[PDB]
Structure formats: C-alpha cells, structure tokens
Amino acid sequence: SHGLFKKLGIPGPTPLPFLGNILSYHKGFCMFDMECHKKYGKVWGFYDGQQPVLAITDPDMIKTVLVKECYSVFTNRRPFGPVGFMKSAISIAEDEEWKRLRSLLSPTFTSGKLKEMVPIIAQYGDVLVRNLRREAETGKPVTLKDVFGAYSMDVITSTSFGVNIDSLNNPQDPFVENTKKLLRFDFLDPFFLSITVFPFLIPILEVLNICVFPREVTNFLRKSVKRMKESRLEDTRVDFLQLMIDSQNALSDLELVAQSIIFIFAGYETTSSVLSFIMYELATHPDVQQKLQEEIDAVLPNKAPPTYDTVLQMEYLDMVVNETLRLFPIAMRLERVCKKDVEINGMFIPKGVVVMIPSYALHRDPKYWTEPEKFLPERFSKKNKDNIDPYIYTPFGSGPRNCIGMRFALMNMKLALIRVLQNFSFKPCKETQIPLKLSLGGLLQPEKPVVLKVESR
Ligand SMILES: CC(C)c1nc(CN(C)C(=O)N[C@@H](C(=O)N[C@@H](CC[C@H](Cc2ccccc2)NC(=O)OCc2cccnc2)Cc2ccccc2)C(C)C)cs1
Ligand code: HEM
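As summarised from the PDB record, the model derives from X-ray crystallography at a stated resolution of 2.90 Å.

This part covers the overall build of the protein chain. Secondary structure assignment for the protein chain yields 18 helices and 10 strands. In terms of its C-alpha atoms, the protein chain occupies a principal-axis envelope of roughly 65 × 55 × 40 Å. Every one of the 457 residues in the protein chain was classed for burial, and the buried ones make up 54%. When the accessible surface of the protein chain is summed, it comes to about 21200 Å², and 56% of that surface belongs to carbon and sulfur atoms. Of the charged side chains in the protein chain, 57 are positive and 52 negative; the average position of the first set lies 2 Å away from that of the second.

This next bit is on helix α5 (residues 111-138). Helix length check: α5 (28 residues) gives 40 Å between terminal C-alpha atoms against 40 Å at 1.5 Å per residue, within 8%. Along α5, the positions that sit buried rather than exposed are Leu 114, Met 117, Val 118, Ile 120, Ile 121, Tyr 124, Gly 125, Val 127, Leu 128, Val 129, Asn 131 and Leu 132. Backbone geometry just downstream of α5 places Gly 139 in the positive-phi region, at approximately 60°.

Once that is clear, we can look at the nonpolar core. Counting residues in each nonpolar core, the largest one holds 151 residues, and the members touching the most others are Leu 54, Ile 56, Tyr 151, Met 279, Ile 349, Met 411 and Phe 426. At 16 residues, the largest contribution of residues to this core is made by helix α12 (residues 253-284). Once residues lying within four places of it in the same chain are set aside, the contact partners of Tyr 151 are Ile 121, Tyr 124, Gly 125, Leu 128, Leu 168, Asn 412, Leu 415 and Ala 416.

Below, the discussion takes up the UniProt feature "binding site: heme" in the protein chain. In this numbering, the UniProt entry assigns the feature "binding site: heme" to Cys 403. Examined against the element boundaries, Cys 403 turns out to sit in the loop between α17 (382-385) and α18 (406-421).

With that settled, consider the site of ligand 1. Taken together, 17 residues surround ligand 1, and among them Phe 80, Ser 91, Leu 182, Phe 185 and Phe 187 come closest. Relative to its unbound accessible area of 900 Å², ligand 1 is 83% covered by the protein chains. Among the elements that line the shell around ligand 1, the one with the most residues is α12, at 4 residues.

What follows is about the site of ligand 2. Surrounding ligand 2, one finds 27 residues, the nearest of these being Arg 77, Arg 102, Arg 336, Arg 401 and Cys 403. Between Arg 336 and ligand 2, the recorded distance is 2.4 Å, taken from a side-chain N or O atom to an oxygen atom. Between ligand 2 and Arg 401 there is a distance of 2.6 Å, counted from an oxygen atom to a side-chain nitrogen or oxygen. Taken together, the elements giving at least two residues each to the shell around ligand 2 come down to α4 (95-105), α12, β5 (334-338) and α18. The biggest single contributor to the shell around ligand 2 is α12, with 5 residues.

Moving on, we come to the pairing of strand β1 (residues 43-48). The buried count for β1 comes to 6 of 6 residues, which makes it a mostly enclosed element. Burial of β1 is two-sided: the residues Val 43, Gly 45 and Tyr 47 facing one way and the residues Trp 44, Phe 46 and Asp 48 facing the other way are all buried. Across 6 bridges, the pairing between β1 and strand β2 (residues 51-56) is antiparallel. Each residue of the ladder has a partner; that of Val 43, found in β2, is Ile 56. Counted along the chain from β1 to the antiparallel partner β2, the turn is 2 residues long, and its residue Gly 49 has a positive phi close to 60°.

Protein coordination of the iron atom of ligand 2 is limited to a single donor, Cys 403 (SG), which sits 2.2 Å from the metal. Of note is the iron atom of ligand 2, whose 6 donor atoms meet at the metal with angles of 70 to 175° in an arrangement that counts as irregular.

Here we come to the sheet that holds strand β4 (residues 142-143). Ordered in space as β4-β10-β9, the 3 strands form an open sheet in which the pairing is antiparallel. Each edge of the open sheet is held by one strand with a lone partner, namely β4 and β9 (424-427). When β4 meets strand β10 (residues 451-456), the two strands line up antiparallel, connected through 2 bridges. Its bridge partner being in β10, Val 142 is matched across the sheet by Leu 452.

So, about the packing of aromatic side chains. Each aromatic ring pair is specified by the distance between its two centres and by the angle formed by the two planes. Scanning all chains against the criterion turns up 21 aromatic pairs. Between the aromatic rings of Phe 32 and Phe 46, the centroid separation amounts to 5.3 Å while the plane-to-plane angle is 75°, which identifies the pairing as edge-to-face. A residue pair is termed long-range when its members are at least 10 positions apart, and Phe 32 in helix α2 (residues 29-40) and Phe 46 in strand β1 qualify at 14 residues. Of the two residues, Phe 32 and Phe 46, neither departs from the other in class, the shared state being buried.

Let us now look at the sheet that holds β5. Spatially, β1-β2-β8-β5-β3 is the arrangement adopted by the 5 strands of the open sheet, whose pairing is mixed. Single-partner strands in this sheet number two, and they are β1 and β3 (74-76). On average, each strand axis in the sheet is inclined to that of its neighbour by 40°, with strand direction left out of account. Of the pairings in the sheet, the one linking β2 to strand β8 (residues 354-357) comprises 3 bridges and is parallel in character. For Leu 54, the partnering residue across the bridge sits in β8 and is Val 355.

Attention shifts here to a nonpolar patch on the surface. On the surface, a nonpolar cluster with roughly 260 Å² of combined accessible area is contributed by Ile 204, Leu 208 and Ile 210. The residue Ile 210 is located in the loop between α9 (202-207) and α10 (215-232) in this model. A residue is classified by how much of its surface remains accessible, and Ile 210, at 33% relative accessible area, is partly exposed.

Relative to the helices and strands, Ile 344 resides in the loop between β6 (342-343) and β7 (348-349). Classification of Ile 344 by relative accessible area gives buried; the value is 2%. If sequence neighbours within four positions are ignored, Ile 344 has contacts with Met 61, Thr 64, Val 65, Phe 74 and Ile 349.

Take the pairing of β5 next. Counting buried residues in β5 gives 5 out of 5 residues, a clear majority hidden from the surface. Along β5, one buried face is formed by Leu 334, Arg 336 and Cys 338 and the opposite face, lined by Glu 335 and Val 337, is buried too. Pairing of β3 with β5, which is carried by 2 bridges, proceeds in the antiparallel orientation. Looking at the pairing, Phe 74 lines up with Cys 338 of β5. Here β5 runs beside β8; their pairing, made up of 4 bridges, is antiparallel.

Definitions and limits used
- Residues numbered from 1 in each chain as written, not as in the entry; some residues may be left out.
- Chains lettered and ligands numbered in written order.
- Heavy atoms only, no water.
- Helix = DSSP H or I, 4+ residues; strand = E, 2+ residues; numbered from the N terminus.
- Buried < 20%, exposed > 50% of the residue type's maximum accessible area, 1.4 Å probe, protein only.
- Areas by Shrake-Rupley, 256 points an atom, 1.4 Å probe, with all protein chains shown as cover.
- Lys, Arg positive; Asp, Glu negative; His and termini not counted.
- Charge placed at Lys NZ, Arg CZ, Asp CG, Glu CD.
- Expected span 1.5 Å × (residues − 1).
- Core = buried A, V, L, I, M, F, W, Y, C linked by side-chain atoms within 4.5 Å.
- Contact = heavy atoms within 4.5 Å.
- UniProt positions renumbered as here; feature names shortened; annotations may be inferred.
- Near = heavy atom within 4 Å.
- Polar contact = N/O pair within 3.5 Å; in protein donor to acceptor, adjacent residues only side chain to side chain.
- Pairing = 2+ DSSP bridges.
- Donors = N, O, S within 2.8 Å, 3.2 Å for Na, K, Ca; no water.
- Tetrahedral: all angles 85-135°; square planar, octahedral: opposite > 155°, others 65-115°.
- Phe/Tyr/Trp six-rings, centres within 6.5 Å; stacked < 30°, edge-to-face > 60°.
- Axes fitted to C-alpha atoms, helices over the stretch in contact; angles between N-to-C directions.
- Patch = residues over 30% accessible without salt bridge, like charges linked within 9 Å, V, L, I, M, F, W, Y side chains within 5 Å.
- Salt bridge = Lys/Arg side-chain N within 4 Å of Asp/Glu carboxyl O.

Shown next as structure tokens:
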C-alpha cells in the first residue's frame, strides 16, 4: 500500500504507518505543498492516511486531467467523510449523478440571468455603502468579513431564490449565523483529522446519522428552503429555485434542498473571504487603491451606479481581482479521483490515486511569476497578460468540473468593490495585521479577521 510511489519510481516524503504523511500538514498544507514542489520537482507522491495522492505541476499534464480526460477518467473529487443526504450536492456528486446536475444547473448562470441579477444587487449595494458609512461616522476599525458576509448573504438568497432576507440590517440573523458554522475542515479538530486518516470509519458514521455538517445548521437550512419553496408556490422570475421546480416535471425534494446549501455556502463563504483579502491588499498598496478609484470614477462619473456592462469595462478592477486570487486562491488545490489505470503525458497512474494540482503553489512558483510573493496587478495587464499559463493560474479550476459561479462571483465581487470604493477609502490601523498570515486548517482564511479603517470621500 505505502510502497506505491517507490515502485512507480516517483519521489515523495517518506510516510509513517497509518498516518501517511498526514503529520506534515502541521505547518498547513499550502506550505507543505510549497516545500514539496521545491524539494521533489515537477511531480511527487504522498499519502493522506492510506490514500495515495499524486501532485502534478506540468501544464499539459494538468490540461489532460482537467480538460481532456475529465469525462472518461478524472471525473470525480475525493470522497470526504459523512455527508448523508448532501451526498447529492453538485460539488459532491459523481459520474452520472453529476452530469445531469451540471446541465440542470449550468443554465442558472447565463448572461441574461446575470444581467437580470444586477438591479437586485443594486439594492444591496446601497445598504452596504450606507452600513459602512456609519463606521465612517463612528470612526473605529471594521471587520470587513462581517459586513461583506452580510452583503454576500443578502445577494445569494435574493437571486437564487427571489426571497429578500434583509441580512445587512441584521447584525443578528439566523441565516449567516448558521451558514458560517456549516463546515470547518480543521485538523486540530480530532474529528476531521480522524476520518481523513481512518476512512474505514465513514460508512459507520453514515448509519448513525452523523455528518460533517452540524445537524443544527442543516436543520435550519432544510426548513428555510423547505419554506422558500412554498412561498413561490403562493405567487402567480425563472431562477435557481425556479429552474429546479421546473425539473420536477428529475431533481427530487432533498436534491432540491442540497443544491441550495452548496450555493448558499459558496455564495456566502467564498465571496466574503476574497473581498476581505482584496480590501486588505488595496489598503496596503494605496497607489493601486487610488488608481482603482480613478478608473471607477472615470467609468462611473460622480458616483453613478454600476451596471452589468460598465463592470466588464473596468480593466484595472479585473487586474486587481485577478492578482488577489493569484495570491489567495481559495481552493488551495484542485483534485480529481483517477478511476481507471491510465497513462497521461508519459506517466502511468493507477486506479484509485487522487491526482492533485497544488494551485496555491503553482500560483507562487518563482518559475512562472517574477517576484512571486509581491502584489503586482500590472502582471495581469493586456501587455503582460498573454505571458500567463491558463493551467498554472487556476483559481476557478478548469474543464467541465470548474467553478459554476465564476462569472457570478466575479460580477458580484466587483459590484461590491465599485460601490465601496466610489464612496470610501480604506487604510491600515493598529490591529490590522501586516503582512497577512493564512490560517493552518482546511479553509484559506486569514488567522486574524480583516480589520481596516474607513474614510468617507
Ligand atoms: C486532509 C486532506 C484530505 C484535505 N484536503 C483538503 C482540501 N480540499 C480537497 C478541499 O477542497 N476541502 C474540502 C472542500 O471544501 N471541498 C469539497 C467539499 C464539498 C463542499 C460542499 C460544502 C462545503 C462546506 C459546507 C457545506 C457543503 N464544497 C463546496 O460545495 O464548495 C462550495 C465552493 C467553494 C469554493 C468555490 N466554489 C464553490 C468540494 C469542493 C472543493 C473545492 C471547491 C469546490 C468544491 C473537502 C475535500 C472536505 C481538505 S482536507
Ligand atoms: C471568488 C469566489 C469563488 C472562487 C475562488 C471559486 C473557486 C472554485 C474552484 C477553484 C472550484 C473547483 C474547480 C475544479 O475543481 O476544477 C469551484 C467549484 C465549484 N464552485 Fe466555485 N468559486 C467561487 C464562487 C462560487 C459561487 C458564487 C458558486 C455558486 C453560486 C460556486 C459553485 C461551485 C460549485 C457548485 C463547484 C463544484 C462544481 C462541480 O463539481 O461541478 N463557487 N469553486
């Protein structure tokens, strides 16, 4: 079992029994990957408990697994712990289950729908500005994540469901309260450490109704969507929620609820985390913040409201987003379960091996980015933009299994950026941690919440 990579002549760190190389994650897995690539070259192997994982860095080899051989050999991700009814969520579904969900849902995020989401989010822009404006009157430091989370919460419920929930006016509110508790994939937590290591356990927890998602959070989330469904049943916009009732003429009751959670989570978690990273970056590189404010002000003269089209006009904003995602790619790795023995670009890979693309590492590889640790948007300009491999920069993954809400995360993040910047400026203070330190566990977050001060323009 543990001799796989030795017998295939692939480098790697030497693994202990039972544990695999799991202990090397103590320094966080993004750093572990760094060390590895650096130590072992272009390809290397390790063991997550008894699980072989092959890291891969060749840009072609990557396009092969992500784009060409996806449907036939690398279709799935790693199965991960007790999930229960959430076993049908799109991000977790496999093979045949997945293809349908992927096409049943993909039509949620087309131009027409995206354009149609603008004016609803336009309402939640103001409430954000107006909210932050009060902190600019109180004049004491701000938890970006808090207030961006609220914004995030507001926009996902209202678009994917058509049901306003007024989160921003609620410093206290059950929706966010529960959605943040939904999954902390933390190794300090013996639980995740132990399932991840000893997976022979997972089927047992599945019979005992235990789940990685607290029974609590999921109870409140099932009931909410249970209800949001029957709200619509009362009235007489084809959206996420709609599209799925329309399928109820093959997507079942619980199936319908499970997509919502994924969406809700994605919508809430990702969006707010990234926006906090960017505002940190802007406020620690003031030149860029002014540059961005000028661009915005030039495209949206005298605080004029952002629209679908103006947003895509904003080239620097895009450079700013892209560079922050380079530095902080919130999925730190991409992964695909190899389901049949196969040979990709001069390499055999046996059935069952998890193939793994260390995004965080590839993003910081001093072999593809001059001064890779530094925040430099100009690397994303038209001028320098073509010199950038689409299989090295993978913040939304790639191929058929790539991020389904990319275009919606982006439009939405920018919408919020614009509206903030065209009213406020942001500055470091005494509790603002410099430079930033990622936390060690599953999620890519800062170990201390993002706090900045806000001046009113
Ligand atoms: C110790 C070793 C095995 C580990 N490696 C990792 C890193 N890793 C593979 C992860 O991505 N972590 C976890 C994870 O969040 N990914 C899985 C888990 C499904 C999880 C569903 C979920 C999550 C939280 C709460 C409720 C439901 N993912 C999910 O739906 O993601 C929403 C999302 C996130 C980012 C961008 N777009 C969408 C799927 C996924 C991963 C990356 C991007 C998109 C989907 C699981 C593997 C447990 C964690 S533990
Ligand atoms: C900036 C915010 C976001 C980042 C950085 C991001 C990143 C990703 C990445 C890298 C993947 C994996 C691609 C792959 O595995 O090849 C992913 C998967 C996915 N994302 Fe996004 N995402 C973001 C926002 C969203 C939003 C807003 C939604 C939905 C509303 C979303 C829904 C999904 C789903 C459902 C999957 C699994 C796709 C599948 O297996 O078919 N994520 N996310």
